Amino acid sequence: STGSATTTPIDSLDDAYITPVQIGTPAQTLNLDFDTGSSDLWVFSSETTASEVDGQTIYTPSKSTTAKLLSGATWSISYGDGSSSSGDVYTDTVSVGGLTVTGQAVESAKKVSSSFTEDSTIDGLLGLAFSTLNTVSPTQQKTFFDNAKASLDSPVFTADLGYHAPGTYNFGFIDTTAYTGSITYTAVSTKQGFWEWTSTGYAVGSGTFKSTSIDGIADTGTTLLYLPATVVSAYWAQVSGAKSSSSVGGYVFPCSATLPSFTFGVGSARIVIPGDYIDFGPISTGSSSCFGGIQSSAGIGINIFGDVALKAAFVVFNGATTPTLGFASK
Ligand code: NA
């Protein structure tokens, strides 16, 4: 089997991407944030505290003929940005882009934090990291990908995120028309439950490539590129008037600037992030201070190849017995 779904930026800054997902019988379509950084499929629901729901589409398990309470199961998750959600669990039929899983754990939110309530465009998350991070207790549940894997023509999914444009999530096949040149594959560690790999280095603009090992995760549910403080300082040093602002919470730069590109290594291959990808616009409406798309990972405890980096590439998440990542230019 295979599936193929379009993913659409939620706003003019590409803060996140939503993908339609069919849940239940008859189908209830919810727009989910596909997150290679986490392993829970959770939704706004008919059980979500009514004061915490502000325009999201909700899943109603009582309207699904295939929904079954997963008796006694609960979940609770905390994300890197301080957001959280929790609730109980149903199993139901879930389809992405024509690919169907029966008996998927659908985590129904009773409670969501303010950041989720305030984002009307995101109806929930669909985790695509390793199932060892799933939060369901007392019986840990599998991801959508882990449930589909054995039915797929190839045990892979790919992420092809757009810059200020729609892109694609594919399951069970490589679209050889979606990328230029060849795919370079690199080793993955599953030890922390993430798609954790080691970049071979970086360059700023037209500068010389610095060979250096940068361990990080490929995370479609993080907006920005978070790298070590040395690498981020070298990047913003090339932008006149750029500085780290304790008040704003990261590097800002004059909105009048032209940003340089940033290059990261994948083995002997190179992925170039165009400067425009690194502009996240005014810090507040009408400000001439703009927020940077490359920020320090110091304090987060991990480097994160978020959407700024991944949307410059065609990315293969290879879930074979030994997982690997692949990157191609596009
Ligand atoms: Na922000």
# chains A, B, ... in the order shown; residues from 1 in each chain; ligands from 1
call {"tool": "closest_atom_pairs", "arguments": {"of": "chain A", "to": "ligand 1", "cutoff": "9 Å", "atoms": "only C-alpha atoms and all ligand atoms", "output": "Markdown table"}}
result
| residue | atom | partner | partner_atom_place_in_ligand_line | distance |
| --- | --- | --- | --- | --- |
| A:15 | CA | ligand 1 | 1 (Na) | 8.6 |
| A:248 | CA | ligand 1 | 1 (Na) | 8.7 |
| A:249 | CA | ligand 1 | 1 (Na) | 8.4 |
| A:280 | CA | ligand 1 | 1 (Na) | 8.4 |
| A:283 | CA | ligand 1 | 1 (Na) | 7.7 |
| A:291 | CA | ligand 1 | 1 (Na) | 7.7 |
call {"tool": "select_by_dssp", "arguments": {"residues": "segment 14-253 of chain A", "states": "strand (DSSP E)", "output": "count of residues only"}}
result
102
call {"tool": "residues_around", "arguments": {"residues": "residue 64 of chain A", "least_positions_apart": "2", "cutoff": "6 Å", "atoms": "only C-alpha atoms", "output": "JSON, numbers by chain"}}
result
{"A": [24, 25, 61, 62, 66, 67]}
call {"tool": "write_last_selection", "arguments": {"atoms": "N, CA and C atoms", "output": "compact mmCIF listing (two decimals), in the first residue's frame"}}
result
# COMPACT_ATOMS: atom_id res chain seq x y z
N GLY A 24 -12.37 7.65 11.78
CA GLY A 24 -13.70 7.13 12.10
C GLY A 24 -14.55 6.85 10.89
N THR A 25 -15.75 6.36 11.18
CA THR A 25 -16.72 5.85 10.16
C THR A 25 -18.10 6.36 10.54
N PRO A 61 -16.03 10.65 19.07
CA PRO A 61 -16.04 9.21 18.93
C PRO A 61 -17.43 8.56 18.95
N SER A 62 -18.39 9.18 19.63
CA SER A 62 -19.75 8.58 19.72
C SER A 62 -20.42 8.57 18.33
N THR A 66 -16.88 2.85 14.28
CA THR A 66 -15.67 2.00 14.43
C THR A 66 -14.88 2.42 15.68
N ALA A 67 -15.30 3.47 16.37
CA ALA A 67 -14.60 3.92 17.60
C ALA A 67 -14.84 2.93 18.75
call {"tool": "closest_residue", "arguments": {"among": "A:322, A:329, A:115, A:86", "to": "residue 272 of chain A", "atoms": "only C-alpha atoms"}}
result
A:329
call {"tool": "residues_around", "arguments": {"residues": "residue 116 of chain A", "least_positions_apart": "2", "cutoff": "9 Å", "atoms": "only C-alpha atoms", "output": "ChimeraX atom specification"}}
result
/A:52-53,83-85,112-114,118-120,122-124
call {"tool": "select_by_dssp", "arguments": {"residues": "segment 198-306 of chain A", "states": "helix (DSSP H, G or I)", "output": "PyMOL selection string"}}
result
chain A and resi 229-236+275-278
call {"tool": "residues_around", "arguments": {"residues": "segment 73-77 of chain A", "least_positions_apart": "2", "cutoff": "6 Å", "atoms": "only C-alpha atoms", "output": "list in words"}}
result
residues 70, 71, 84, 85, 86, 87, 88, 89, 135, 136 and 137 of chain A
call {"tool": "write_last_selection", "arguments": {"atoms": "N, CA and C atoms", "output": "PDB file, in the first residue's frame"}}
result
ATOM      1  N   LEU A  70     -10.461   2.616  24.525  1.00  0.00           N
ATOM      2  CA  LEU A  70      -9.333   1.767  24.972  1.00  0.00           C
ATOM      3  C   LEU A  70      -9.344   1.893  26.498  1.00  0.00           C
ATOM      4  N   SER A  71     -10.035   0.924  27.122  1.00  0.00           N
ATOM      5  CA  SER A  71     -10.482   1.070  28.530  1.00  0.00           C
ATOM      6  C   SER A  71      -9.276   1.195  29.456  1.00  0.00           C
ATOM      7  N   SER A  84       1.245  21.572  26.204  1.00  0.00           N
ATOM      8  CA  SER A  84       0.856  20.267  26.766  1.00  0.00           C
ATOM      9  C   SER A  84      -0.588  19.935  26.405  1.00  0.00           C
ATOM     10  N   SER A  85      -0.935  18.662  26.546  1.00  0.00           N
ATOM     11  CA  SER A  85      -2.302  18.175  26.361  1.00  0.00           C
ATOM     12  C   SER A  85      -2.374  16.846  27.091  1.00  0.00           C
ATOM     13  N   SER A  86      -3.601  16.377  27.340  1.00  0.00           N
ATOM     14  CA  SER A  86      -3.820  15.075  28.026  1.00  0.00           C
ATOM     15  C   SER A  86      -5.255  14.604  27.806  1.00  0.00           C
ATOM     16  N   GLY A  87      -5.483  13.330  28.054  1.00  0.00           N
ATOM     17  CA  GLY A  87      -6.847  12.800  27.979  1.00  0.00           C
ATOM     18  C   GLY A  87      -6.904  11.298  28.003  1.00  0.00           C
ATOM     19  N   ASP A  88      -7.907  10.743  27.321  1.00  0.00           N
ATOM     20  CA  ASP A  88      -8.126   9.278  27.272  1.00  0.00           C
ATOM     21  C   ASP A  88      -7.955   8.814  25.819  1.00  0.00           C
ATOM     22  N   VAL A  89      -8.310   7.600  25.494  1.00  0.00           N
ATOM     23  CA  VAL A  89      -7.849   6.978  24.236  1.00  0.00           C
ATOM     24  C   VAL A  89      -8.973   6.152  23.666  1.00  0.00           C
ATOM     25  N   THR A 135       3.044   8.271  24.780  1.00  0.00           N
ATOM     26  CA  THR A 135       2.785   8.563  26.223  1.00  0.00           C
ATOM     27  C   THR A 135       1.607   7.735  26.757  1.00  0.00           C
ATOM     28  N   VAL A 136       0.988   6.850  25.986  1.00  0.00           N
ATOM     29  CA  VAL A 136      -0.210   6.160  26.520  1.00  0.00           C
ATOM     30  C   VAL A 136       0.200   5.207  27.629  1.00  0.00           C
ATOM     31  N   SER A 137      -0.539   5.287  28.730  1.00  0.00           N
ATOM     32  CA  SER A 137      -0.374   4.430  29.923  1.00  0.00           C
ATOM     33  C   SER A 137      -1.703   3.713  30.187  1.00  0.00           C
TER      34      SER A 137
END
call {"tool": "residues_around", "arguments": {"residues": "residue 298 of chain A", "least_positions_apart": "4", "cutoff": "9 Å", "atoms": "only C-alpha atoms", "output": "list in words"}}
result
residues 226, 227, 228, 229, 302 and 303 of chain A
call {"tool": "write_last_selection", "arguments": {"atoms": "N, CA, C and O atoms", "output": "PDB file, in the first residue's frame"}}
result
ATOM      1  N   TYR A 226      17.538  24.990  15.222  1.00  0.00           N
ATOM      2  CA  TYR A 226      18.231  25.255  16.503  1.00  0.00           C
ATOM      3  C   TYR A 226      19.541  24.454  16.492  1.00  0.00           C
ATOM      4  O   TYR A 226      19.613  23.224  16.418  1.00  0.00           O
ATOM      5  N   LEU A 227      20.636  25.228  16.566  1.00  0.00           N
ATOM      6  CA  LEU A 227      22.009  24.688  16.430  1.00  0.00           C
ATOM      7  C   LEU A 227      22.863  25.224  17.548  1.00  0.00           C
ATOM      8  O   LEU A 227      22.481  26.174  18.261  1.00  0.00           O
ATOM      9  N   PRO A 228      24.085  24.684  17.693  1.00  0.00           N
ATOM     10  CA  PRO A 228      24.950  25.160  18.792  1.00  0.00           C
ATOM     11  C   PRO A 228      25.252  26.643  18.678  1.00  0.00           C
ATOM     12  O   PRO A 228      25.301  27.220  17.608  1.00  0.00           O
ATOM     13  N   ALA A 229      25.474  27.286  19.823  1.00  0.00           N
ATOM     14  CA  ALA A 229      25.675  28.735  19.940  1.00  0.00           C
ATOM     15  C   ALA A 229      26.849  29.226  19.091  1.00  0.00           C
ATOM     16  O   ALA A 229      26.717  30.256  18.488  1.00  0.00           O
ATOM     17  N   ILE A 302      19.322  19.698  22.935  1.00  0.00           N
ATOM     18  CA  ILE A 302      19.433  18.982  21.639  1.00  0.00           C
ATOM     19  C   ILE A 302      19.365  19.976  20.482  1.00  0.00           C
ATOM     20  O   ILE A 302      18.672  20.937  20.577  1.00  0.00           O
ATOM     21  N   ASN A 303      20.048  19.614  19.397  1.00  0.00           N
ATOM     22  CA  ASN A 303      19.975  20.427  18.165  1.00  0.00           C
ATOM     23  C   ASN A 303      18.768  19.906  17.395  1.00  0.00           C
ATOM     24  O   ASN A 303      18.472  18.686  17.386  1.00  0.00           O
TER      25      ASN A 303
END
call {"tool": "closest_residue", "arguments": {"among": "A:171, A:17, A:90, A:79", "to": "residue 1 of chain A", "atoms": "only C-alpha atoms"}}
result
A:171
call {"tool": "atom_distance", "arguments": {"atom1": "atom CA of residue 55 of chain A", "atom2": "atom CA of residue 308 of chain A"}}
result
27.3 Å
call {"tool": "residues_around", "arguments": {"residues": "segment 104-109 of chain A", "least_positions_apart": "5", "cutoff": "8 Å", "atoms": "only C-alpha atoms", "output": "list in words"}}
result
residues 40, 41, 42, 43, 44, 45, 47, 48, 59, 75, 85, 86, 87, 88, 89, 90, 91, 92, 93, 94, 141, 142, 143, 144 and 147 of chain A
call {"tool": "write_last_selection", "arguments": {"atoms": "C-alpha atoms", "output": "PDB file, in the first residue's frame"}}
result
ATOM      1  CA  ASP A  40       1.239  10.566  19.905  1.00  0.00           C
ATOM      2  CA  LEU A  41      -1.744  10.969  17.537  1.00  0.00           C
ATOM      3  CA  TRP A  42      -3.988  13.247  19.629  1.00  0.00           C
ATOM      4  CA  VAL A  43      -7.013  15.344  18.625  1.00  0.00           C
ATOM      5  CA  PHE A  44      -9.364  18.031  19.843  1.00  0.00           C
ATOM      6  CA  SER A  45     -12.527  16.135  20.648  1.00  0.00           C
ATOM      7  CA  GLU A  47     -14.332  15.506  25.418  1.00  0.00           C
ATOM      8  CA  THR A  48     -12.083  18.631  25.301  1.00  0.00           C
ATOM      9  CA  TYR A  59     -13.339  14.380  16.769  1.00  0.00           C
ATOM     10  CA  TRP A  75      -2.063  10.039  27.948  1.00  0.00           C
ATOM     11  CA  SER A  85      -2.302  18.175  26.361  1.00  0.00           C
ATOM     12  CA  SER A  86      -3.820  15.075  28.026  1.00  0.00           C
ATOM     13  CA  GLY A  87      -6.847  12.800  27.979  1.00  0.00           C
ATOM     14  CA  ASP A  88      -8.126   9.278  27.272  1.00  0.00           C
ATOM     15  CA  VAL A  89      -7.849   6.978  24.236  1.00  0.00           C
ATOM     16  CA  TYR A  90     -10.049   5.423  21.547  1.00  0.00           C
ATOM     17  CA  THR A  91      -9.046   3.002  18.822  1.00  0.00           C
ATOM     18  CA  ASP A  92     -10.477   3.853  15.380  1.00  0.00           C
ATOM     19  CA  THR A  93      -9.817   3.718  11.613  1.00  0.00           C
ATOM     20  CA  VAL A  94      -7.386   6.411  10.488  1.00  0.00           C
ATOM     21  CA  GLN A 141       0.588   2.573  21.651  1.00  0.00           C
ATOM     22  CA  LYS A 142       2.150   2.508  18.160  1.00  0.00           C
ATOM     23  CA  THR A 143       2.356   5.475  15.740  1.00  0.00           C
ATOM     24  CA  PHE A 144       0.350   5.579  12.542  1.00  0.00           C
ATOM     25  CA  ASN A 147       0.952   0.423  12.417  1.00  0.00           C
TER      26      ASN A 147
END
call {"tool": "closest_residue", "arguments": {"among": "A:7, A:12, A:132, A:56", "to": "residue 277 of chain A", "atoms": "only C-alpha atoms"}}
result
A:12
call {"tool": "decode", "arguments": {"residues": "segment 163-199 of chain A", "atoms": "C-alpha atoms", "output": "JSON list (two decimals), in the first residue's frame"}}
result
[["chain", "number", "residue", "atom", "x", "y", "z"],
["A", 163, "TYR", "CA", 8.51, 27.36, 1.39],
["A", 164, "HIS", "CA", 5.43, 29.62, 1.65],
["A", 165, "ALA", "CA", 3.63, 26.89, -0.34],
["A", 166, "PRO", "CA", 2.03, 23.46, 0.08],
["A", 167, "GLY", "CA", 4.13, 20.25, 0.07],
["A", 168, "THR", "CA", 3.65, 16.52, 0.47],
["A", 169, "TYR", "CA", 3.88, 13.62, 2.94],
["A", 170, "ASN", "CA", 4.22, 10.30, 1.18],
["A", 171, "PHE", "CA", 4.01, 6.86, 2.83],
["A", 172, "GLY", "CA", 5.44, 3.65, 1.35],
["A", 173, "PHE", "CA", 7.27, 5.03, -1.69],
["A", 174, "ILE", "CA", 9.94, 7.49, -2.91],
["A", 175, "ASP", "CA", 8.72, 9.95, -5.53],
["A", 176, "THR", "CA", 11.80, 10.09, -7.84],
["A", 177, "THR", "CA", 10.22, 13.20, -9.58],
["A", 178, "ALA", "CA", 10.11, 15.23, -6.29],
["A", 179, "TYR", "CA", 13.92, 15.85, -5.96],
["A", 180, "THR", "CA", 17.03, 16.73, -8.02],
["A", 181, "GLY", "CA", 20.30, 14.72, -8.08],
["A", 182, "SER", "CA", 20.63, 11.80, -5.68],
["A", 183, "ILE", "CA", 19.46, 11.02, -2.11],
["A", 184, "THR", "CA", 22.27, 10.86, 0.47],
["A", 185, "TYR", "CA", 21.46, 8.54, 3.35],
["A", 186, "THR", "CA", 22.90, 8.92, 6.87],
["A", 187, "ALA", "CA", 22.77, 6.83, 10.01],
["A", 188, "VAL", "CA", 20.06, 7.30, 12.66],
["A", 189, "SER", "CA", 20.23, 6.63, 16.40],
["A", 190, "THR", "CA", 16.84, 5.58, 17.92],
["A", 191, "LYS", "CA", 18.32, 5.74, 21.52],
["A", 192, "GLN", "CA", 16.26, 8.89, 22.47],
["A", 193, "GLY", "CA", 13.22, 7.90, 20.32],
["A", 194, "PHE", "CA", 13.92, 10.55, 17.65],
["A", 195, "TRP", "CA", 15.16, 10.61, 14.04],
["A", 196, "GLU", "CA", 18.59, 11.57, 15.45],
["A", 197, "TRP", "CA", 21.49, 11.92, 12.98],
["A", 198, "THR", "CA", 24.85, 13.71, 12.67],
["A", 199, "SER", "CA", 25.36, 16.54, 10.16]]
